[PDB]
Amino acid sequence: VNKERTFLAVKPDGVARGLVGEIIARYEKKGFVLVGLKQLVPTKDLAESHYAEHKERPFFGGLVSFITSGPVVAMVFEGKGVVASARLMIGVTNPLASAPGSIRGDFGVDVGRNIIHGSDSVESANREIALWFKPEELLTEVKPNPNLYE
């Protein structure tokens, strides 16, 4: 189904660095639709839940602190395989090991400031969407360029 959605959030570093458009631009070009988008400064409460699975790791502290140290451009893209393609496009956890051509590969250098977050799977995509987005903020009627899909 071409309804697969994912959740992306350009953190306070891709934001203060002037990358919001560049990043969105890359997904628009691939062929994915933007079904939600907004700017907000994440709450500790939202930071801790967003980052639930890292509750016990040394860096969870360093994480939530930063992800709410400024604005975050949260968004949702839809399309076939969107969840895995986005990751692929994002790169790997460490910017320095990210191949050139991927968001992290091209602009990233330090794991702590690795620019963007993208759902690792449909399940977390959905936990992430619902969580940041109230169903009203999303689109419903969606048909990207009929030259994308057969």
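Take the two forms, find the largest set of C-alpha atoms that superpose within 1.5 Å, and that set is the rigid core. Numbers for residues come from their place in the sequence shown, where the first is 1.
- Per-stretch RMS Cα distance to the displayed form in 4 other deposited structures of this protein, following rigid core alignment, is highest for 57-65 when 57-65 and 41-49 are compared.
- Rigid core fits of the other structures in 4 other deposited structures of this protein place the C-alpha atoms of one stretch farther away on average; of 136-144 and 10-18, that stretch is 136-144.
- On average the C-alpha atoms of 66-74 have higher B-factors than those of the other stretch, with 66-74 and 93-101 being the two compared.
- Stretches 127-135 and 11-19 differ in mean CA B factor, with 127-135 having the higher one.
- In the deposited coordinates, the residue among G61, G118, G36, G112 with the greatest CA B-factor is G61.
- The entry lists C-alpha B-factors for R26, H50, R87, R57, and the highest of these is at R57.
- Ranked against the other modelled residues of its chain, the C-alpha B-factor of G81 as given in the entry falls in the middle third.
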